[PDB]
Amino acid sequence: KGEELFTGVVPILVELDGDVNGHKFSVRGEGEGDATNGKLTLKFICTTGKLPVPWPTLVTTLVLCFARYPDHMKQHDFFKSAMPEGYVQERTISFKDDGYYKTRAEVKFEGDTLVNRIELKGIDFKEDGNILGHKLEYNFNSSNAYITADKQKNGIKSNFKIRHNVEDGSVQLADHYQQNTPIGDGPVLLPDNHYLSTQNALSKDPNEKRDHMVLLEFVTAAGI
């Protein structure tokens with residue numbers, strides 16, 4: 001019955017509180033998702049002035065319930081099945097030759113709004129490296145991530161890689177480890193192995209003086 005909450009377009013609220021090497025910050029984002037088409041459009045603002053890390057490093061942390069699951073895979077959509085009570089999403093993101101993020105989020109409906117509320121801690125970063133030194137290009141690469149059931153925890157897990165282009169032509173690796181567990185006691189769908197394919201486009205608002213990110217995302221589930 002959770003899948004029936006996602007017909008049409010659903011408003012989204014994202015709130016992130018972060019601390020990276022003691023540099024604290026907050027992000028607020030709002031937008032909407034169209035699960036039928038797997039389409040997300042959001043705009044994010046740093047509410048604490050200047051974001052101390054590059055915007056592309058926060059894309060994955062900043063709502064997989066909006067993935068388009070094909071009809072023959074609808075029995076493998078854990079994310080919608082956990083709604084409206086929601087799920088916890090936890091990650092470790094390790095930046096090669098630099099520090100790492102630890103994130104804990106709750107994704108659930110609050111009224112008619114799908115909310116993603118996140119806490120982030122970043123540790124062991126180089127003050128002069130690619131992240132705290134703001135040396136990453138303002139763009140994003142397409143990505144694929146394998147999803148497997150975590151039958152004991154009644155949830156799912158995923159390990160996948162993100163590649164961030166660096167201003168010197170090199171590529172900054174961000175290795176993601178993910179696990180999701182339902183918040184509620186109700187039954188949920190545990191999936192067979194599959195993958196989620198994501199396409200991203202970042203842009204800026206021409207008349208926006210705040211530090212911000214405009215994001216368009218397509219997410220699609222696929223079989224092998």
# chains A, B, ... in the order shown; residues from 1 in each chain; ligands from 1

call {"tool": "select_by_dssp", "arguments": {"residues": "range 78-139 of chain A", "states": "strand (DSSP E)", "output": "CSV table (one decimal) with N, CA and C atoms, in the first residue's frame"}}
result
chain,number,residue,atom,x,y,z
A,87,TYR,N,12.0,4.9,6.6
A,87,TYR,CA,13.2,4.1,6.8
A,87,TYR,C,14.3,4.9,7.2
A,88,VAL,N,15.3,4.3,7.8
A,88,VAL,CA,16.6,4.9,8.2
A,88,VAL,C,17.6,4.6,7.0
A,89,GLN,N,18.3,5.6,6.6
A,89,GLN,CA,19.4,5.4,5.6
A,89,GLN,C,20.7,5.8,6.2
A,90,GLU,N,21.7,4.9,6.3
A,90,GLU,CA,23.0,5.2,6.9
A,90,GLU,C,24.1,4.9,5.9
A,91,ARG,N,25.1,5.8,5.8
A,91,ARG,CA,26.2,5.6,4.9
A,91,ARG,C,27.5,5.9,5.5
A,92,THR,N,28.6,5.2,5.0
A,92,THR,CA,29.9,5.7,5.1
A,92,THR,C,30.4,6.0,3.7
A,93,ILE,N,30.9,7.2,3.6
A,93,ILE,CA,31.5,7.7,2.3
A,93,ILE,C,33.0,8.0,2.5
A,94,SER,N,33.8,7.2,1.9
A,94,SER,CA,35.3,7.3,2.0
A,94,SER,C,35.9,7.9,0.8
A,95,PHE,N,36.5,9.1,1.0
A,95,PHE,CA,37.1,9.8,-0.2
A,95,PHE,C,38.6,9.3,-0.2
A,100,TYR,N,36.5,10.9,5.5
A,100,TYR,CA,35.3,10.2,5.2
A,100,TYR,C,34.0,10.8,5.9
A,101,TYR,N,32.9,10.7,5.3
A,101,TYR,CA,31.6,11.1,5.9
A,101,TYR,C,30.9,9.9,6.5
A,102,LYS,N,30.2,10.2,7.6
A,102,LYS,CA,29.3,9.3,8.2
A,102,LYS,C,27.9,9.9,8.2
A,103,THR,N,26.9,9.3,7.7
A,103,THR,CA,25.6,9.9,7.6
A,103,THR,C,24.5,9.0,8.2
A,104,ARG,N,23.5,9.6,8.9
A,104,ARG,CA,22.3,9.0,9.3
A,104,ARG,C,21.1,9.9,8.9
A,105,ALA,N,20.2,9.3,8.2
A,105,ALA,CA,19.0,10.0,7.7
A,105,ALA,C,17.7,9.2,8.1
A,106,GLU,N,16.6,10.0,8.2
A,106,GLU,CA,15.3,9.4,8.3
A,106,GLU,C,14.5,9.9,7.1
A,107,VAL,N,13.9,9.1,6.4
A,107,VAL,CA,13.1,9.4,5.2
A,107,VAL,C,11.7,8.9,5.5
A,108,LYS,N,10.7,9.8,5.5
A,108,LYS,CA,9.3,9.5,5.9
A,108,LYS,C,8.4,10.6,5.5
A,109,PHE,N,7.1,10.2,5.5
A,109,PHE,CA,6.1,11.3,5.2
A,109,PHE,C,5.8,12.1,6.5
A,110,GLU,N,5.7,13.4,6.3
A,110,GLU,CA,5.2,14.2,7.4
A,110,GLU,C,4.1,15.0,6.7
A,113,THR,N,4.2,15.7,2.8
A,113,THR,CA,5.5,16.0,2.3
A,113,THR,C,6.5,14.8,2.6
A,114,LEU,N,7.2,14.4,1.6
A,114,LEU,CA,8.3,13.4,1.8
A,114,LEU,C,9.5,14.1,2.4
A,115,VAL,N,9.9,13.8,3.6
A,115,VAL,CA,11.0,14.5,4.3
A,115,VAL,C,12.2,13.6,4.4
A,116,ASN,N,13.4,14.2,4.1
A,116,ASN,CA,14.7,13.5,4.3
A,116,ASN,C,15.5,14.4,5.3
A,117,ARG,N,15.6,13.9,6.6
A,117,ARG,CA,16.3,14.6,7.6
A,117,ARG,C,17.6,13.9,8.0
A,118,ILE,N,18.7,14.6,7.8
A,118,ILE,CA,20.1,14.0,7.8
A,118,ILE,C,20.9,14.7,8.9
A,119,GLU,N,21.8,13.8,9.5
A,119,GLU,CA,22.9,14.3,10.3
A,119,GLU,C,24.2,13.7,9.6
A,120,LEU,N,25.2,14.6,9.4
A,120,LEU,CA,26.5,14.2,8.8
A,120,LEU,C,27.7,14.5,9.6
A,121,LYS,N,28.6,13.6,9.8
A,121,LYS,CA,29.9,13.9,10.4
A,121,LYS,C,31.0,13.6,9.5
A,122,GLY,N,32.0,14.5,9.3
A,122,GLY,CA,33.1,14.2,8.5
A,122,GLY,C,34.4,14.3,9.3
A,123,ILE,N,35.3,13.4,9.0
A,123,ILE,CA,36.5,13.1,9.9
A,123,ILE,C,37.7,12.9,9.0

call {"tool": "closest_atom_pairs", "arguments": {"of": "range 104-199 of chain A", "to": "range 76-80 of chain A", "cutoff": "8 Å", "atoms": "only C-alpha atoms", "output": "tab-separated table"}}
result
residue	atom	partner	partner_atom	distance
A:155	CA	A:78	CA	7.4
A:156	CA	A:78	CA	7.6
A:188	CA	A:78	CA	6.3
A:189	CA	A:78	CA	4.9
A:190	CA	A:78	CA	6.0
A:191	CA	A:76	CA	4.1
A:192	CA	A:76	CA	6.5

call {"tool": "closest_residue", "arguments": {"among": "A:150, A:217, A:85, A:112", "to": "residue 197 in chain A", "atoms": "only C-alpha atoms"}}
result
A:217

call {"tool": "select_by_dssp", "arguments": {"residues": "range 10-222 of chain A", "states": "alpha helix (DSSP H)", "output": "VMD selection string"}}
result
chain A and resid 78 to 81

call {"tool": "write_last_selection", "arguments": {"atoms": "N, CA and C atoms", "output": "PDB file, in the first residue's frame"}}
result
ATOM      1  N   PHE A  78      11.694  -1.931  -2.025  1.00  0.00           N
ATOM      2  CA  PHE A  78      11.712  -1.785  -0.571  1.00  0.00           C
ATOM      3  C   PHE A  78      11.311  -0.378  -0.156  1.00  0.00           C
ATOM      4  N   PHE A  79      11.830   0.620  -0.864  1.00  0.00           N
ATOM      5  CA  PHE A  79      11.766   2.007  -0.409  1.00  0.00           C
ATOM      6  C   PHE A  79      10.329   2.497  -0.270  1.00  0.00           C
ATOM      7  N   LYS A  80       9.489   2.232  -1.271  1.00  0.00           N
ATOM      8  CA  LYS A  80       8.103   2.668  -1.169  1.00  0.00           C
ATOM      9  C   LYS A  80       7.335   1.819  -0.166  1.00  0.00           C
ATOM     10  N   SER A  81       7.626   0.509  -0.117  1.00  0.00           N
ATOM     11  CA  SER A  81       6.905  -0.391   0.784  1.00  0.00           C
ATOM     12  C   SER A  81       7.041   0.009   2.254  1.00  0.00           C
TER      13      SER A  81
END

call {"tool": "residues_around", "arguments": {"residues": "range 56-59 of chain A", "least_positions_apart": "5", "cutoff": "7 Å", "atoms": "only C-alpha atoms", "output": "PyMOL selection string"}}
result
chain A and resi 138-140

call {"tool": "atom_distance", "arguments": {"atom1": "CA of residue 3 in chain A", "atom2": "CA of residue 65 in chain A"}}
result
8.9 Å

call {"tool": "residues_around", "arguments": {"residues": "residue 145 in chain A", "least_positions_apart": "6", "cutoff": "6 Å", "atoms": "only C-alpha atoms", "output": "MDAnalysis selection string"}}
result
chainID A and resid 160 195:196

call {"tool": "atom_distance", "arguments": {"atom1": "CA of residue 212 in chain A", "atom2": "CA of residue 60 in chain A"}}
result
15.7 Å

call {"tool": "closest_residue", "arguments": {"among": "A:25, A:177, A:55, A:146", "to": "residue 224 in chain A", "atoms": "only C-alpha atoms"}}
result
A:146

call {"tool": "closest_residue", "arguments": {"among": "A:11, A:210, A:142, A:96", "to": "residue 63 in chain A", "atoms": "only C-alpha atoms"}}
result
A:11

call {"tool": "closest_residue", "arguments": {"among": "A:131, A:219, A:202, A:14", "to": "residue 172 in chain A", "atoms": "only C-alpha atoms"}}
result
A:131

call {"tool": "closest_residue", "arguments": {"among": "A:24, A:194, A:1, A:157", "to": "residue 52 in chain A", "atoms": "only C-alpha atoms"}}
result
A:24

call {"tool": "closest_residue", "arguments": {"among": "A:7, A:165, A:41, A:75", "to": "residue 203 in chain A", "atoms": "only C-alpha atoms"}}
result
A:41

call {"tool": "atom_distance", "arguments": {"atom1": "CA of residue 34 in chain A", "atom2": "CA of residue 72 in chain A"}}
result
19.0 Å

call {"tool": "residues_around", "arguments": {"residues": "residue 28 in chain A", "least_positions_apart": "3", "cutoff": "7 Å", "atoms": "only C-alpha atoms", "output": "ChimeraX atom specification"}}
result
/A:14-16,44-47

call {"tool": "write_last_selection", "arguments": {"atoms": "N, CA and C atoms", "output": "CSV table (one decimal), in the first residue's frame"}}
result
chain,number,residue,atom,x,y,z
A,14,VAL,N,14.2,18.5,2.4
A,14,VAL,CA,15.5,18.0,2.8
A,14,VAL,C,16.1,18.9,3.8
A,15,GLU,N,16.5,18.4,5.0
A,15,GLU,CA,17.2,19.1,6.0
A,15,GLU,C,18.5,18.4,6.4
A,16,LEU,N,19.7,19.0,6.3
A,16,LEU,CA,20.9,18.4,6.6
A,16,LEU,C,21.7,19.3,7.6
A,44,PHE,N,18.8,23.5,-3.3
A,44,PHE,CA,19.3,23.5,-2.0
A,44,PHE,C,20.1,24.8,-1.7
A,45,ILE,N,20.0,25.3,-0.4
A,45,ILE,CA,20.7,26.4,0.0
A,45,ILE,C,21.5,26.1,1.3
A,46,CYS,N,22.7,26.6,1.4
A,46,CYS,CA,23.4,26.6,2.6
A,46,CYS,C,22.9,27.7,3.6
A,47,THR,N,22.3,27.3,4.7
A,47,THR,CA,21.8,28.4,5.5
A,47,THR,C,22.8,28.9,6.5
